[PDB]
Amino acid sequence: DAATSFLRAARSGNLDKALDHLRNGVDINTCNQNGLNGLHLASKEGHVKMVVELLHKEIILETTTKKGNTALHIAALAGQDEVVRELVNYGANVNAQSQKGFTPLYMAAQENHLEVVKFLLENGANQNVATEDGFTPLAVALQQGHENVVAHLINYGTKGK
Amino acid sequence: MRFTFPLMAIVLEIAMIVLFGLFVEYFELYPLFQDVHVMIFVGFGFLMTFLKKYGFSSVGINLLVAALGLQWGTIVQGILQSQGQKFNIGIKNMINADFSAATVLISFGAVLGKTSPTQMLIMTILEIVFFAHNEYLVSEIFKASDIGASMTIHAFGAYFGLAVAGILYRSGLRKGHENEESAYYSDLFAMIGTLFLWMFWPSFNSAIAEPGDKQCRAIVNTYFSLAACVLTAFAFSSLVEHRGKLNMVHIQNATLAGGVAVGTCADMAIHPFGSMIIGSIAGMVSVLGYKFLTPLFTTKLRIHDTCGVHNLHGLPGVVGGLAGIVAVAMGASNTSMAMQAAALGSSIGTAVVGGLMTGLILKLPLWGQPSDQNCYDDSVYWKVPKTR
Amino acid sequence: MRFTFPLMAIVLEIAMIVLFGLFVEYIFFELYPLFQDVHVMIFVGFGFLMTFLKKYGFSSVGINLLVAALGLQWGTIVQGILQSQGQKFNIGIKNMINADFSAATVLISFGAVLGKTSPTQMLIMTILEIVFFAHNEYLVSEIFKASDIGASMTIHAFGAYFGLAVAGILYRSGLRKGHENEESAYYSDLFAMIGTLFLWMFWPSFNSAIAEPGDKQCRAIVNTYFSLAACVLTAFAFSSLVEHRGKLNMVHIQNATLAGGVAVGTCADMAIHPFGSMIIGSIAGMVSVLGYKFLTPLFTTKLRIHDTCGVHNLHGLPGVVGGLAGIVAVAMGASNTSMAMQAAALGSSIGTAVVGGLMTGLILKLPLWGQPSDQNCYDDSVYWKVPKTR
Amino acid sequence: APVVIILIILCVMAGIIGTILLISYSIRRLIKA
Amino acid sequence: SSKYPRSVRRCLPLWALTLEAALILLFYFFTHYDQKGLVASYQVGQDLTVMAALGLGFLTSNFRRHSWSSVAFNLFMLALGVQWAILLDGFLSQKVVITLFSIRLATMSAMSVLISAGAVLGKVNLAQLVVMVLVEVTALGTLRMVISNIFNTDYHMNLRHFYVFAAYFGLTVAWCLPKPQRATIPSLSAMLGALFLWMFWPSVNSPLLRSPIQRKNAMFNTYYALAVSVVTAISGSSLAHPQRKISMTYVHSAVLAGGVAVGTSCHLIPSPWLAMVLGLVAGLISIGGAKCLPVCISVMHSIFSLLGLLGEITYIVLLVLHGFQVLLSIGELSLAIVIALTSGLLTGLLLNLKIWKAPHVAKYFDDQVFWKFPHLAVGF
């Protein structure tokens, strides 16, 4: 009940209720049946203040879900530019790979999130990391028609971090 | 040999000319014929163009197979109806020849991407012989009502193609193939065939219907069956897919299952509510077949079906036959129970046996069959442009 | 210059309206489905058949629509005036079908000069060619009294040789060894197959629309049906025969499969038997494929006649074969009318098409219609906004 | 009787194709060696 | 919020299956079935079906990455709309007897929704389209019933207002949506759809006409009017384009100009020259609309609205020749516009509800929102 209420508050962005559960003793690393903790749920919904507050209370930043997605993966797939920036500012691994081999750059590129793609490239995301299918962020954006993303990935090339 | 295909095409055409000279002599149904014509050549052919590197072969071999098929089916069906005597050609002969072409195209959908055009000519000849004999048996010996041909065309074509594809099994293709994949514009082109089949199916089920009440019911029942089938196929595609995304394979094919499953009961007094029930069940069954039975057939039973014709033509055709039996049970038709059941069983069994023999003939390495790596590729038989 | 095309079109449309007001007044529903099939052949079949060019699909289908939309009106006017001898006339379904036939002739001619002309040039071609075609079809039907119900000579041979004459006059030296934009693409070829299939399916309506109801119309439908069926087989066989390593050629499959429908036209309503129709279709497909492989390369390089769609191999040679087939059929006794009158129709059709095409091409050769450069040939971007994405 | 005629036509076509292919294969095996 | 689309694996199937089950139950409880020209009568409804599924289905497929959704959602919308229109035209015009004429009329009612949906396609999911289909068919039936009660005309003959009703309904629904392109192959497919609409539009202008001479003259006028419009469109596209080139997108909408212009008055025009004059004027107004309306969301639906208003106006002008009837017909037109606007507003506020899980404004005009594509990360 307490952990479920905390996760619901994290998903809804109710920072005050979530801060109360942690005072009362709800472990910050609790996750739902899908392996998503409070940081994942806040990153999905763009709740930057909740993300910052949870990072301050020592949540594990590189905790993966049952699909192997980190909080940066979820923020990139959801296109939350400010949450992506905040996660990277606190030391999120931009080159993390999920179970199927997806990187945050791949999730941002397949979803036509140009700002997230540009930010992840400027932070040293290696666009040569392929999935288990052999697909790159460039290859998925070509298939999905994401031309603004295809341009930025080719024009950046390897400016690195 | 590169000369096997032109030799067989020329020899078959000369045989067709001679048979027409030996057996053949010389307007309210012409628009319905043209609707069926569009279904045969635009519908199936562009429906099969979903493969990214097999569109040329899909549409062109569709045209070639159906063009040979209408002539050969004309000859065989006319000989059967005339008991070896000379016969005249009307609009009904052309419609029935197009129906024989439809059966062969349904079987082609099972072996698409793994067979040569020469194999397709051979399969056309043999399959039309078997189909015409079974259809004569159903229409004249059993005297069963199959005006939309859920049994004689759709179930027959599907299980004939499945038997052929089972005989022509390749071990290297059981796990998949890199060419066996759709493209974006390829699925856009497949939507053309889907839409034309959906639009013109009421004429398919009512072309040779008895004029009057039966022909009107065939049109109305087919229309509402397809209307219900579209909604149920859309609903079940989302339900079997992650996050409820639609699959173009389902919306291209399962949206047409209502036309197949209403064929036996098209002309019968099943009512527009009953036709919609049949269409909804057909759409659900077709979607479930694509998502769960096609992998089971490919991996376990070693039966690879390229276009999923078992889910559009086989299972809905069987459902249509069972619907005909049930409609006979509740007085919707004056035809016998046992004759509808015998028509279903004879169609399926004749399809399987003829497909076995035809596939055994097609397995001889004389027809230029593609290699495992070269399956689902136009370049084996076509000159392909450099750009898409 | 900048306003030549819209101004010419608005003047032509105002002229059409004035002529319709001056001459046009208001079995129909029985012949309407056949007219609908012919309409689909005109606007979808011919239009999408020429979309095989990778950078000319927009101009192909759109200029096909402009020419046919203009051609139906102008052909209605010209054919009605010729039939009524200058009197006011009433239009029925026959008038629409004949107007679409005139548009078909103009589209056949357009197939020869596809990619090398401007829309203004095609307006002028439509206007002049409809006059020439209608005068010849009146000579062949009313003075020679020949039987050409499927119009192998009056539409197909006439249109093909008219287009060949125009292409010869409009010859470009810098296009005899080819052009980078003259080439097909995969999806362009699939669109071309759309056009091919609609023409192939609805050709029986094309050949039976004007036929006498009863035995003649049914004979035309059956003959066209089985001739096209045989033509597909022979086109596929000879496409495999003549190409390298036996590969099929999409040009042959797109065009030579309609040669049987072209060639059976004169003999369509005659009692040649279905088997005779199949023999004509089998030869028509053979001749069309052999023309595409051998005749077109010679015509383009040795004769300086570049024909983009190969309309000589689909409409020209099979049209002459159909006229000759009609002459043999009268000799066999299949048809009424004389041998000499059928021969007169074939000679009149080519001679008029060549003379009218020469004068029309001389008019089109004037540097006033914004015709493209050798470099911009076969490119939509000369006249259309082309999307960046394919 | 119609079944007999159809089987006869199939037999004629199969025999023609088989004889032509047999002649081609025999010529090929004699010529390659 | 999360730009990644919310899962509709429980919303869409339940919604569609419930709709189909309710339709089946209503057809059971209220509908009943029951000669020489059976095929001839079937041909008109078949032409309308081709124009709905293929014409309007592909006409809006010109989007670089929404062609799948355009075609398939149009098919779904037609399938739902014909059934619901059968039931509703049964309820508001009387048990419901299913004839071919009633199916033809239901197809016309569904085509109204299909025309309206072009203003909102690319910005809505399937559930919102279901809501739009239901409410728009209901609004059109209510409008026809109100006209039949007030002006004492036949309920079926009131379906002539469908052009202007569809145009204004679509404009209002699109105006209520949250605020936010072409490719060659989708443009060619859209040309296919536009060509089928243009070739069969004489069937749209005479499904409701019984007298054979009236249908003859209507088809004549529509055919010649459409012929002049194509020439005015392709010719005048260059003038109404900044770079002086012909626009495929403009042509796709403007070819139908003459057909829309003479739609309500085709059976009344006595000579082809007047139909051609109306087609030319419609083409010129289409050119002017293309050149002016973007200055003052979808431009093609705006010019269609202008063309429908012009068609009603020329009906008013021509009906006098063949002043109380002027006032009555102006009143009918204004009632149609008012009801279309109000029902479009109601539909727009219904579509804005959070429960429909509408695509994010950043995810408009994109098939990946609704369809399965390979090599994509799925879920969280």
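Note on numbering: residues are counted from 1 along each chain in the order of its written sequence, which can differ from the entry, and residues with no coordinates are hidden. For naming, the first written chain is A and the first written ligand is 1, with later ones following in the order written. What you see is one piece of a larger assembly, and the values refer to that piece, not the whole. To obtain the side-chain values, all non-hydrogen atoms of the structure were included, while hydrogens and water were left out. Residues with missing side-chain atoms are left out of burial classes, side-chain pairs and their counts.

- Determination of this PDB entry was carried out by cryo-EM to a resolution of 25 Å, according to the record.

## Some words on the overall build of chain E
So, point 1. The number of helices and strands found in chain E is 13 helices and two strands.
So, point 2. Taken over the C-alpha trace, chain E has a radius of gyration of 20 Å; the compact-globule value for 380 residues is 21 Å, and the two agree within 12%.
So, point 3. Along the first, second and third principal axes, the C-alpha set of chain E runs to 70 × 60 × 40 Å. Helix and strand definitions follow DSSP, with helices as H or I runs of at least four residues and strands as E runs of at least two, each counted in order from the N terminus. For this measure, only C-alpha atoms enter the radius of gyration; the expected value for a globule follows 2.2 Å times N^0.38, where N is the number of residues.

## Topic: the overall build of chain A
So, point 1. Within chain A, the secondary structure is distributed over 10 helices and zero strands.
So, point 2. Taken from the N to the C terminus, the helices and strands of chain A come in the order α-α-α-α-α-α-α-α-α-α.
So, point 3. Each of the three principal axes of chain A carries a C-alpha extent, and together these read 50 × 25 × 20 Å.
So, point 4. Every residue pair with non-hydrogen atoms within 4.5 Å of one another is taken to be in contact. Long-range contacts, defined as pairs at least 24 residues apart, comprise 69% of the intrachain contacts of chain A with a sequence gap of at least 6.

## Looking at the interface of chain C and chain B
So, point 1. Listed per partner, the contact involves eight residues of chain C and seven residues of chain B.
So, point 2. Residue assignment for the side of chain C that touches chain B shows that the elements contributing at least two residues are α7 (186–208) and α8 (215–242) of chain C.
So, point 3. All amino acids are sorted into three groups, where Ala, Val, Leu, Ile, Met, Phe, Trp, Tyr, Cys and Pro are nonpolar, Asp, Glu, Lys and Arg are charged, and the leftover types, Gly among them, are polar. Across the side of chain C that touches chain B, the residue classes break down as six nonpolar, one polar and one charged.

## What about the arrangement of the chains?
So, point 1. Contacts are most numerous between chains B and C, considering all five pairs of chains that are in contact.
So, point 2. Here chain A and chain B are not in contact; the least distance found between their C-alpha atoms is 9 Å.
So, point 3. Spatially, chain C and chain D are disjoint, and the shortest separation between their C-alpha atoms is 16 Å.

## Some details on unusual backbone geometry
So, point 1. Here C:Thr337, not a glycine, exhibits a phi torsion of approximately 65 degrees, which is positive.
So, point 2. Within the secondary structure layout, C:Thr337 lies in the loop between α12 (311–332) and α13 (339–364).
So, point 3. Not every positive phi belongs to a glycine, and E:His375 is a case in point at roughly 60 degrees.
So, point 4. Relative to the elements of secondary structure, E:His375 occurs in the segment after α13 (324–351).

## Remarks on helix α2 (residues 38–59) of chain E
So, point 1. Expected span of a helix, by definition, is 1.5 Å for each gap between consecutive residues, and there is one gap fewer than residues. Across its 22 residues, α2(E) extends 30 Å between first and last C-alpha, which sits within 8% of the 32 Å expected from 1.5 Å per residue.
So, point 2. The largest bend in α2(E) amounts to roughly 30 degrees and is located at E:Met51. To obtain the bend at a residue, axes are fitted to the seven residues ending there and to the seven starting there, and the angle between these axes is taken.

## Overview of the packing of helix α4 (residues 93–112) of chain C against helix α6 (residues 152–169) of chain C
Residue and element names in this part refer to chain C.
So, point 1. To obtain an axis, a line is fitted to C-alpha atoms, over the contacting stretch when the element is a helix, and the angle between two such axes runs from 0 to 180 degrees between their N-to-C directions. Between α4 and α6, whose axes approach to 7 Å, the crossing angle comes to 40 degrees. Regarding the angle of α4 to α6, the classification is oblique. The two elements α4 and α6 cross, and the hand of that crossing is right-handed. Two secondary-structure elements touch here, α4 through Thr105, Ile108 and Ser109 and α6 through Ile155, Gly159 and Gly163.
So, point 2. Residues that form the contact of α4 with α6 fall into these classes: two nonpolar, four polar and no charged. Should an angle fall under 35 degrees it is called roughly parallel, over 145 degrees roughly antiparallel, and 65 to 115 degrees roughly perpendicular, with every other angle called oblique. Take the far helix as the reference: if the near one is turned anticlockwise from it by less than a right angle, the crossing is left-handed, and if turned clockwise, right-handed.

## Comments concerning the environment of B:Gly355
Residue and element names in this part refer to chain B.
So, point 1. Position of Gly355 relative to the elements: it lies in helix α13 (residues 337–362).
So, point 2. Note: C-alpha distance between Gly355 and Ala163 (192 residues apart in sequence) is 4.8 Å.
So, point 3. Those residues within four positions of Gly355 in sequence are excluded, and the remaining contacts are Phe160, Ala163 and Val164.

## Describing the environment of B:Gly113
Residue and element names in this part refer to chain B.
So, point 1. Mapped onto the secondary structure, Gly113 falls in the loop between α4 (91–111) and α5 (117–142).
So, point 2. Between the alpha carbons of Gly113 and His37 there is a distance of 24 Å; along the sequence they are 76 residues apart.
So, point 3. Setting aside chain neighbours within four positions, we find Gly113 in contact with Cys375 and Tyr376.

## A few points about the packing of α6(C) against α13(C)
Residues and elements named next belong to chain C.
So, point 1. Between α6 and α13, whose axes approach to 7 Å, the crossing angle comes to 35 degrees. For the pair α6 and α13, the sense of crossing is right-handed. Side by side, α6 and α13 meet where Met153, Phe158, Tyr161, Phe162, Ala165 and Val166 of the first sit next to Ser349, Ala353, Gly357 and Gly361 of the second.
So, point 2. Of the residues contributing to the contact of α6 with α13, the split by class is seven nonpolar, three polar and no charged.

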